[PDB]
């Protein structure tokens, strides 16, 4: 779902919608949520309400709007899950970071915003969170099981704002060597932080997933809440 009337525009002219969640009391820091490859779907809504109850405002931009606006896919549905793979395969990460940048500007200026903006990303969004972090567009970013992180190691020296990552130990998407590259690369920057949940795989934090692990999810989400706390 997307909020009716919300329209964010990128430097190149493209405009896209977003599922917005206003805070209970204002002003409050805004958390821009970067999606997985399934668009603004059920988990994205779940995530929106999770953060508003924790005391934040939430903005989940429709990043697939350049390819297919309003797309919201079900990972458990074979057909839909495949559309996701197709859209992900055509996804342009540069524009993704640009739209994210625009959504970040949107958030800092809302009547309820306190000027603080954090960014949380899952899967595809986990890679984007790292990149926005390397660009320095946010106060602090968090990534959940980011894919292709090992391919972005050269940007490690560029991140000058705190960033936290949660990676599952038995994540198929992350081969053992990738783990070594990631851990070794992130470790040097005192502002990056990567935790590995040994008994967890991919999407361990999304309940609909079979990879969901309650203890891993609980710890990960707790660390996320304490890392974001300074923004309030």
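Numbering follows the first chain given and starts at 1.
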For 136-144 versus 79-87, entry-based mean Cα B-factors point to 79-87
Looking only at C-alpha temperature factors in the entry, 120-128 or 157-165, the higher average sits in 157-165
Out of 56, 38, 204, 196, whose C-alpha atom has the biggest B factor in the entry? 204
Entry-reported C-alpha B-factor of residue 103 relative to its chain, by third, is lowest
With respect to C-alpha B-factor, does residue 94 fall in the lowest, middle or highest third of the chain as deposited? middle
Position of residue 61 among the chain's modelled residues by C-alpha B-factor, lowest, middle or highest third: lowest
Once the chain's modelled residues are ordered by C-alpha B factor and cut into thirds, is residue 208 in the lowest, middle or highest one? highest
Place residue 188 in the lowest, middle or highest third of its chain's C-alpha B-factors, as listed in the PDB entry. middle
